[PDB]
Amino acid sequence: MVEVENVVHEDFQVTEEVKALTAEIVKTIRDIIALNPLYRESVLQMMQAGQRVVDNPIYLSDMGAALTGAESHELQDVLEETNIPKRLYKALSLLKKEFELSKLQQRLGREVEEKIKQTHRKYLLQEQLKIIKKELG
Amino acid sequence: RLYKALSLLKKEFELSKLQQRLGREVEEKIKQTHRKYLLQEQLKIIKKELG
Amino acid sequence: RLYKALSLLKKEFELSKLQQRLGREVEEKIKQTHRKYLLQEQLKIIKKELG
Amino acid sequence: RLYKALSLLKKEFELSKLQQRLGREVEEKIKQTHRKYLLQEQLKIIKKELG
Amino acid sequence: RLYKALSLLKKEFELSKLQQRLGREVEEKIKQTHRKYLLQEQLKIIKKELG
Amino acid sequence: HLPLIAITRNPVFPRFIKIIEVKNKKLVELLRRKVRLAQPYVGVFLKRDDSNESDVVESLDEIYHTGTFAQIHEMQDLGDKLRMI
Amino acid sequence: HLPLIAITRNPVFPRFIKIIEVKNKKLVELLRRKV
Amino acid sequence: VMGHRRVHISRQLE
């Protein structure tokens with residue numbers, strides 16, 4: 001079967017503010033591994049943006065998209081994007097889409113847990129009340 | 001005034017220490033409740049395993 | 001050198017300011033997607049946990 | 001210097017003894033207050049309860 | 001030195017090997033103890049906790 | 001010109017090592033038929049909507065046209081007979 | 001009179017602690033010559 | 001590494 005190395009990677013000659021968005025993508029990824037711990041953090045320690053050893057940022061955006069919990073069809077959708085800012089924009093939209101579900105899960109867990117503490121604690125007060133009357137006559 | 005400010009501090013001290021002694025007594029009564037059930041639960045499991 | 005360090009702080013701050021404002025507008029254009037999409041996401045979350 | 005240290009220890013211990021005894025008598029004179037005051041307190045703490 | 005260290009690694013490993021085998025055989029002779037003894041231990045455990 | 005690999009519910013994200021474990025043994029025969037080459041290689045695809053094992057072997061359009069060729073690393077097969085990387 | 005270090009993309013701003021990890025192993029011999 | 005003593009050599013080649 002015929003094939004061709006269609007590894008499209010067009011990018012503008014001026015590469016200064018185009019890495020500013022990278023700062024948000026790594027920062028959100030840091031907060032997803034901090035607020036939603038999935039993998040070990042040591043692989044994030046190995047690659048740091050101030051080393052400039054990331055000769056292939058597009059692979060960094062793919063590695064950061066790998067953490068995403070998006071449906072396989074959504075991964076095919078990210079692959080459909082051809083423009084570099086557009087694929088970055090879809091991987092970012094997928095990151096926010098995972099971020100919403102996750103933070104909803106955490107808030108639900110802290111909310112349910114606090115509801116349980118609210119349940120038992122006033123029983124602890126009544127537990128003091130029955131006892132205090134028990135031994136006061 | 002020094003004797004009165006100390007007598008006040010003791011007056012707060014008695015109520016504070018009473019609340020803490022009471023709360024620890026309350027929590028141990030919770031443990032004396034549930035732990036014996038944990039012994040009874042172990043009883044149930046050993047019975048359920050054999051016999 | 002103090003003035004050049006200040007002007008570099010102004011230019012770099014204008015870049016981070018315009019970047020945070022462009023990103024807020026991109027976030028709002030993702031928020032233009034209706035709240036029906038969020039409630040439908042909750043509906044699939046219910047079905048995903050319905051199985 | 002030894003004997004001076006034992007004499008000074010005798011003085012300092014006599015002072016700590018009179019301080020402890022005077023306080024034991026002031027604390028007993030604050031314990032002359034009735035237990036009805038303490039149970040009245042615990043009545044008040046009943047009154048001030050979340051629930 | 002590498003030969004004296006090698007022969008000593010062999011002789012020490014022979015010591016740990018013979019000791020593991022004597023202990024495995026002695027464990028096999030404890031293993032000869034009938035399973036009834038194990039179930040009798042469990043049977044004792046029951047009455048140990050039935051009181 | 002190789003038969004399409006059976007991903008069998010095993011996503012492979014770009015630049016992220018992964019393992020694959022199909023229950024079928026026919027792929028082990030295909031792996032043994034590529035060991036003799038001096039430059040062995042393998043492809044990686046993704047599956048389309050409505051997964052069906054009976055269609056993956058019947059029609060070849062179920063697999064996406066996109067592919068991610070890569071060289072094989074090493075076989076393991078600790079418990080199963082097809083634990084390719 | 002020591003050879004220039006391989007910075008290998010590592011700014012070190014003044015009064016700012018920083019770590020160096022060059023990929024060439026030849027520099028470790030220089031490190032053992034400075035102890 | 002740390003920044004303690006700054007210097008500007010006139011000519012590193014020498």
# chains A, B, ... in the order shown; residues from 1 in each chain; ligands from 1

call {"tool": "residues_around", "arguments": {"residues": "segment 29-43 of chain B", "least_positions_apart": "3", "cutoff": "12 Å", "atoms": "only C-alpha atoms", "output": "list in words"}}
result
residues 120, 123, 124, 127, 128 and 131 of chain A; 22, 23, 24, 25, 26, 46, 47, 48, 49, 50 and 51 of chain B; 45, 46, 47, 48, 49, 50 and 51 of chain E

call {"tool": "write_last_selection", "arguments": {"atoms": "C-alpha atoms", "output": "tab-separated table (two decimals), in the first residue's frame"}}
result
chain	number	residue	atom	x	y	z
A	120	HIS	CA	-22.46	12.43	63.09
A	123	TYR	CA	-25.03	13.16	67.43
A	124	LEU	CA	-21.79	13.71	69.35
A	127	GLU	CA	-24.15	11.96	73.06
A	128	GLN	CA	-22.86	14.45	75.59
A	131	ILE	CA	-24.63	11.06	79.37
B	22	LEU	CA	-16.04	14.93	78.72
B	23	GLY	CA	-15.26	14.70	75.02
B	24	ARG	CA	-12.56	12.09	75.53
B	25	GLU	CA	-14.92	10.13	77.80
B	26	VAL	CA	-17.58	10.32	75.07
B	46	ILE	CA	-14.89	-17.58	62.29
B	47	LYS	CA	-18.28	-19.26	62.68
B	48	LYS	CA	-19.08	-18.59	58.99
B	49	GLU	CA	-15.72	-20.02	57.90
B	50	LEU	CA	-15.99	-23.25	59.89
B	51	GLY	CA	-19.16	-24.41	61.57
E	45	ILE	CA	-9.05	-21.99	68.09
E	46	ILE	CA	-12.85	-22.27	68.01
E	47	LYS	CA	-13.19	-23.26	71.70
E	48	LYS	CA	-10.41	-20.81	72.55
E	49	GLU	CA	-12.74	-18.03	71.39
E	50	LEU	CA	-16.13	-19.58	72.33
E	51	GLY	CA	-15.96	-18.61	75.98

call {"tool": "closest_atom_pairs", "arguments": {"of": "chain H", "to": "chain G", "cutoff": "9 Å", "atoms": "only C-alpha atoms", "output": "tab-separated table"}}
result
residue	atom	partner	partner_atom	distance
H:1	CA	G:18	CA	5.3
H:2	CA	G:17	CA	4.9
H:3	CA	G:14	CA	4.4
H:4	CA	G:15	CA	6.4
H:5	CA	G:14	CA	8.9
H:6	CA	G:14	CA	8.3

call {"tool": "write_last_selection", "arguments": {"atoms": "C-alpha atoms", "output": "PDB file, in the first residue's frame"}}
result
ATOM      1  CA  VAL H   1      25.858  26.480  40.789  1.00  0.00           C
ATOM      2  CA  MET H   2      25.255  29.940  42.222  1.00  0.00           C
ATOM      3  CA  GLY H   3      25.950  33.559  41.353  1.00  0.00           C
ATOM      4  CA  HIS H   4      28.382  35.110  43.858  1.00  0.00           C
ATOM      5  CA  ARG H   5      31.257  36.900  42.031  1.00  0.00           C
ATOM      6  CA  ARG H   6      30.519  38.550  38.685  1.00  0.00           C
TER       7      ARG H   6
END

call {"tool": "select_by_dssp", "arguments": {"residues": "chain G", "states": "alpha helix (DSSP H)", "output": "list in words"}}
result
residues 27, 28, 29, 30, 31, 32, 33 and 34 of chain G

call {"tool": "calpha_fit_and_write", "arguments": {"fixed": "chain C", "moving": "chain E", "output": "PDB file with N, CA and C atoms, in the first residue's frame"}}
result
ATOM      1  N   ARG E   1      20.422  50.984  33.672  1.00  0.00           N
ATOM      2  CA  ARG E   1      20.029  49.581  33.803  1.00  0.00           C
ATOM      3  C   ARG E   1      18.646  49.473  34.416  1.00  0.00           C
ATOM      4  N   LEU E   2      18.312  50.380  35.337  1.00  0.00           N
ATOM      5  CA  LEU E   2      16.986  50.363  35.943  1.00  0.00           C
ATOM      6  C   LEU E   2      15.917  50.737  34.926  1.00  0.00           C
ATOM      7  N   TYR E   3      16.247  51.589  33.952  1.00  0.00           N
ATOM      8  CA  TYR E   3      15.274  51.900  32.910  1.00  0.00           C
ATOM      9  C   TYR E   3      15.123  50.748  31.929  1.00  0.00           C
ATOM     10  N   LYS E   4      16.222  50.099  31.534  1.00  0.00           N
ATOM     11  CA  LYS E   4      16.059  48.974  30.617  1.00  0.00           C
ATOM     12  C   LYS E   4      15.348  47.806  31.299  1.00  0.00           C
ATOM     13  N   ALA E   5      15.593  47.613  32.599  1.00  0.00           N
ATOM     14  CA  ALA E   5      14.871  46.604  33.364  1.00  0.00           C
ATOM     15  C   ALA E   5      13.409  46.979  33.559  1.00  0.00           C
ATOM     16  N   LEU E   6      13.110  48.272  33.692  1.00  0.00           N
ATOM     17  CA  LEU E   6      11.725  48.689  33.855  1.00  0.00           C
ATOM     18  C   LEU E   6      10.951  48.522  32.553  1.00  0.00           C
ATOM     19  N   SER E   7      11.523  48.980  31.436  1.00  0.00           N
ATOM     20  CA  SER E   7      10.840  48.827  30.157  1.00  0.00           C
ATOM     21  C   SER E   7      10.664  47.356  29.798  1.00  0.00           C
ATOM     22  N   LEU E   8      11.643  46.508  30.149  1.00  0.00           N
ATOM     23  CA  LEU E   8      11.472  45.071  29.947  1.00  0.00           C
ATOM     24  C   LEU E   8      10.439  44.464  30.891  1.00  0.00           C
ATOM     25  N   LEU E   9      10.305  44.988  32.117  1.00  0.00           N
ATOM     26  CA  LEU E   9       9.221  44.515  32.971  1.00  0.00           C
ATOM     27  C   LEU E   9       7.871  44.931  32.410  1.00  0.00           C
ATOM     28  N   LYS E  10       7.807  46.103  31.776  1.00  0.00           N
ATOM     29  CA  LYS E  10       6.558  46.537  31.159  1.00  0.00           C
ATOM     30  C   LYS E  10       6.222  45.664  29.960  1.00  0.00           C
ATOM     31  N   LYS E  11       7.200  45.440  29.076  1.00  0.00           N
ATOM     32  CA  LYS E  11       6.950  44.686  27.849  1.00  0.00           C
ATOM     33  C   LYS E  11       6.618  43.224  28.156  1.00  0.00           C
ATOM     34  N   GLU E  12       7.305  42.617  29.130  1.00  0.00           N
ATOM     35  CA  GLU E  12       6.960  41.255  29.521  1.00  0.00           C
ATOM     36  C   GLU E  12       5.580  41.218  30.158  1.00  0.00           C
ATOM     37  N   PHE E  13       5.261  42.205  31.001  1.00  0.00           N
ATOM     38  CA  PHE E  13       3.940  42.225  31.608  1.00  0.00           C
ATOM     39  C   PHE E  13       2.865  42.465  30.557  1.00  0.00           C
ATOM     40  N   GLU E  14       3.176  43.234  29.505  1.00  0.00           N
ATOM     41  CA  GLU E  14       2.248  43.365  28.385  1.00  0.00           C
ATOM     42  C   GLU E  14       2.067  42.044  27.668  1.00  0.00           C
ATOM     43  N   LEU E  15       3.116  41.225  27.613  1.00  0.00           N
ATOM     44  CA  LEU E  15       2.954  39.922  26.986  1.00  0.00           C
ATOM     45  C   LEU E  15       2.039  39.050  27.831  1.00  0.00           C
ATOM     46  N   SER E  16       2.272  39.007  29.146  1.00  0.00           N
ATOM     47  CA  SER E  16       1.404  38.187  29.991  1.00  0.00           C
ATOM     48  C   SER E  16      -0.021  38.736  30.050  1.00  0.00           C
ATOM     49  N   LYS E  17      -0.195  40.047  29.843  1.00  0.00           N
ATOM     50  CA  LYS E  17      -1.522  40.660  29.849  1.00  0.00           C
ATOM     51  C   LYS E  17      -2.280  40.352  28.565  1.00  0.00           C
ATOM     52  N   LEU E  18      -1.626  40.535  27.415  1.00  0.00           N
ATOM     53  CA  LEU E  18      -2.263  40.217  26.146  1.00  0.00           C
ATOM     54  C   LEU E  18      -2.549  38.727  26.047  1.00  0.00           C
ATOM     55  N   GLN E  19      -1.652  37.891  26.570  1.00  0.00           N
ATOM     56  CA  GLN E  19      -1.889  36.456  26.523  1.00  0.00           C
ATOM     57  C   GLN E  19      -3.049  36.072  27.430  1.00  0.00           C
ATOM     58  N   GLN E  20      -3.140  36.683  28.623  1.00  0.00           N
ATOM     59  CA  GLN E  20      -4.282  36.403  29.486  1.00  0.00           C
ATOM     60  C   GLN E  20      -5.570  36.887  28.856  1.00  0.00           C
ATOM     61  N   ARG E  21      -5.532  38.002  28.124  1.00  0.00           N
ATOM     62  CA  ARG E  21      -6.765  38.513  27.539  1.00  0.00           C
ATOM     63  C   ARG E  21      -7.185  37.694  26.325  1.00  0.00           C
ATOM     64  N   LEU E  22      -6.236  37.307  25.465  1.00  0.00           N
ATOM     65  CA  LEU E  22      -6.583  36.414  24.365  1.00  0.00           C
ATOM     66  C   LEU E  22      -7.110  35.089  24.898  1.00  0.00           C
ATOM     67  N   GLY E  23      -6.545  34.602  26.009  1.00  0.00           N
ATOM     68  CA  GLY E  23      -7.020  33.352  26.564  1.00  0.00           C
ATOM     69  C   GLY E  23      -8.333  33.491  27.292  1.00  0.00           C
ATOM     70  N   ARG E  24      -8.583  34.650  27.897  1.00  0.00           N
ATOM     71  CA  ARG E  24      -9.872  34.916  28.520  1.00  0.00           C
ATOM     72  C   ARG E  24     -10.966  35.056  27.477  1.00  0.00           C
ATOM     73  N   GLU E  25     -10.675  35.735  26.366  1.00  0.00           N
ATOM     74  CA  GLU E  25     -11.649  35.822  25.285  1.00  0.00           C
ATOM     75  C   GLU E  25     -11.904  34.463  24.641  1.00  0.00           C
ATOM     76  N   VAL E  26     -10.852  33.672  24.410  1.00  0.00           N
ATOM     77  CA  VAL E  26     -11.051  32.338  23.847  1.00  0.00           C
ATOM     78  C   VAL E  26     -11.802  31.451  24.843  1.00  0.00           C
ATOM     79  N   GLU E  27     -11.590  31.665  26.145  1.00  0.00           N
ATOM     80  CA  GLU E  27     -12.355  30.923  27.134  1.00  0.00           C
ATOM     81  C   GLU E  27     -13.793  31.399  27.130  1.00  0.00           C
ATOM     82  N   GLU E  28     -14.015  32.691  26.882  1.00  0.00           N
ATOM     83  CA  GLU E  28     -15.374  33.204  26.814  1.00  0.00           C
ATOM     84  C   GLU E  28     -16.101  32.613  25.613  1.00  0.00           C
ATOM     85  N   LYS E  29     -15.368  32.351  24.524  1.00  0.00           N
ATOM     86  CA  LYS E  29     -15.970  31.719  23.354  1.00  0.00           C
ATOM     87  C   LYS E  29     -16.199  30.228  23.574  1.00  0.00           C
ATOM     88  N   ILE E  30     -15.424  29.589  24.460  1.00  0.00           N
ATOM     89  CA  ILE E  30     -15.811  28.242  24.893  1.00  0.00           C
ATOM     90  C   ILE E  30     -17.004  28.333  25.839  1.00  0.00           C
ATOM     91  N   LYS E  31     -17.059  29.394  26.658  1.00  0.00           N
ATOM     92  CA  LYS E  31     -18.177  29.615  27.569  1.00  0.00           C
ATOM     93  C   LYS E  31     -19.484  29.766  26.802  1.00  0.00           C
ATOM     94  N   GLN E  32     -19.415  30.300  25.567  1.00  0.00           N
ATOM     95  CA  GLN E  32     -20.583  30.424  24.689  1.00  0.00           C
ATOM     96  C   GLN E  32     -21.311  29.093  24.497  1.00  0.00           C
ATOM     97  N   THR E  33     -20.595  27.972  24.659  1.00  0.00           N
ATOM     98  CA  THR E  33     -21.190  26.647  24.609  1.00  0.00           C
ATOM     99  C   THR E  33     -22.308  26.560  25.637  1.00  0.00           C
ATOM    100  N   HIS E  34     -23.449  26.053  25.192  1.00  0.00           N
ATOM    101  CA  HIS E  34     -24.678  26.125  25.960  1.00  0.00           C
ATOM    102  C   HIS E  34     -24.616  25.226  27.186  1.00  0.00           C
ATOM    103  N   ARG E  35     -25.337  25.646  28.230  1.00  0.00           N
ATOM    104  CA  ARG E  35     -25.401  24.892  29.482  1.00  0.00           C
ATOM    105  C   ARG E  35     -25.974  23.497  29.261  1.00  0.00           C
ATOM    106  N   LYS E  36     -26.798  23.338  28.215  1.00  0.00           N
ATOM    107  CA  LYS E  36     -27.365  22.044  27.864  1.00  0.00           C
ATOM    108  C   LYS E  36     -26.261  21.025  27.649  1.00  0.00           C
ATOM    109  N   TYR E  37     -25.116  21.458  27.105  1.00  0.00           N
ATOM    110  CA  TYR E  37     -23.993  20.554  26.892  1.00  0.00           C
ATOM    111  C   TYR E  37     -23.453  20.054  28.228  1.00  0.00           C
ATOM    112  N   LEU E  38     -23.443  20.919  29.246  1.00  0.00           N
ATOM    113  CA  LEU E  38     -22.990  20.510  30.574  1.00  0.00           C
ATOM    114  C   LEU E  38     -23.968  19.526  31.206  1.00  0.00           C
ATOM    115  N   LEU E  39     -25.260  19.860  31.182  1.00  0.00           N
ATOM    116  CA  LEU E  39     -26.242  18.940  31.743  1.00  0.00           C
ATOM    117  C   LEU E  39     -26.323  17.645  30.947  1.00  0.00           C
ATOM    118  N   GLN E  40     -26.065  17.691  29.636  1.00  0.00           N
ATOM    119  CA  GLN E  40     -25.936  16.470  28.845  1.00  0.00           C
ATOM    120  C   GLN E  40     -24.706  15.661  29.232  1.00  0.00           C
ATOM    121  N   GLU E  41     -23.613  16.313  29.629  1.00  0.00           N
ATOM    122  CA  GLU E  41     -22.486  15.567  30.185  1.00  0.00           C
ATOM    123  C   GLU E  41     -22.890  14.846  31.462  1.00  0.00           C
ATOM    124  N   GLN E  42     -23.539  15.562  32.382  1.00  0.00           N
ATOM    125  CA  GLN E  42     -24.019  14.907  33.595  1.00  0.00           C
ATOM    126  C   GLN E  42     -24.982  13.774  33.257  1.00  0.00           C
ATOM    127  N   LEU E  43     -25.849  14.010  32.273  1.00  0.00           N
ATOM    128  CA  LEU E  43     -26.834  13.013  31.907  1.00  0.00           C
ATOM    129  C   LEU E  43     -26.123  11.776  31.390  1.00  0.00           C
ATOM    130  N   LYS E  44     -25.023  11.978  30.651  1.00  0.00           N
ATOM    131  CA  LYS E  44     -24.218  10.848  30.207  1.00  0.00           C
ATOM    132  C   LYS E  44     -23.569  10.141  31.383  1.00  0.00           C
ATOM    133  N   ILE E  45     -23.134  10.910  32.403  1.00  0.00           N
ATOM    134  CA  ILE E  45     -22.441  10.330  33.558  1.00  0.00           C
ATOM    135  C   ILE E  45     -23.331   9.306  34.234  1.00  0.00           C
ATOM    136  N   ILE E  46     -24.642   9.601  34.267  1.00  0.00           N
ATOM    137  CA  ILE E  46     -25.621   8.721  34.900  1.00  0.00           C
ATOM    138  C   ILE E  46     -25.494   7.369  34.206  1.00  0.00           C
ATOM    139  N   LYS E  47     -25.845   7.299  32.907  1.00  0.00           N
ATOM    140  CA  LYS E  47     -25.808   6.021  32.186  1.00  0.00           C
ATOM    141  C   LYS E  47     -24.409   5.417  32.163  1.00  0.00           C
ATOM    142  N   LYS E  48     -23.363   6.247  32.283  1.00  0.00           N
ATOM    143  CA  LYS E  48     -22.020   5.695  32.350  1.00  0.00           C
ATOM    144  C   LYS E  48     -21.878   4.833  33.590  1.00  0.00           C
ATOM    145  N   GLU E  49     -22.567   5.198  34.683  1.00  0.00           N
ATOM    146  CA  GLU E  49     -22.451   4.444  35.925  1.00  0.00           C
ATOM    147  C   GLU E  49     -23.669   3.575  36.226  1.00  0.00           C
ATOM    148  N   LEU E  50     -24.677   3.519  35.345  1.00  0.00           N
ATOM    149  CA  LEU E  50     -25.870   2.715  35.608  1.00  0.00           C
ATOM    150  C   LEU E  50     -25.720   1.264  35.174  1.00  0.00           C
ATOM    151  N   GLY E  51     -24.603   0.883  34.569  1.00  0.00           N
ATOM    152  CA  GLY E  51     -24.509  -0.486  34.106  1.00  0.00           C
ATOM    153  C   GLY E  51     -23.878  -1.462  35.073  1.00  0.00           C
TER     154      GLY E  51
END

call {"tool": "atom_distance", "arguments": {"atom1": "atom CA of residue 84 of chain F", "atom2": "atom CA of residue 5 of chain F"}}
result
11.6 Å

call {"tool": "residues_around", "arguments": {"residues": "segment 54-70 of chain A", "least_positions_apart": "2", "cutoff": "7 Å", "atoms": "only C-alpha atoms", "output": "ChimeraX atom specification"}}
result
/A:29,52,72,74-75,91,94-95,98 /F:13-16

call {"tool": "residues_around", "arguments": {"residues": "residue 2 of chain F", "least_positions_apart": "6", "cutoff": "12 Å", "atoms": "only C-alpha atoms", "output": "PyMOL selection string"}}
result
(chain A and resi 1) or (chain F and resi 27+30-31+33-34+41-43+60)

call {"tool": "atom_distance", "arguments": {"atom1": "atom CA of residue 17 of chain A", "atom2": "atom CA of residue 82 of chain A"}}
result
20.2 Å

call {"tool": "residues_around", "arguments": {"residues": "residue 2 of chain A", "least_positions_apart": "3", "cutoff": "12 Å", "atoms": "only C-alpha atoms", "output": "JSON, numbers by chain"}}
result
{"A": [5], "F": [1, 65]}

call {"tool": "atom_distance", "arguments": {"atom1": "atom CA of residue 86 of chain A", "atom2": "atom CA of residue 27 of chain A"}}
result
19.2 Å

call {"tool": "closest_residue", "arguments": {"among": "F:6, F:35, F:69, F:18", "to": "residue 55 of chain F", "atoms": "only C-alpha atoms"}}
result
F:6
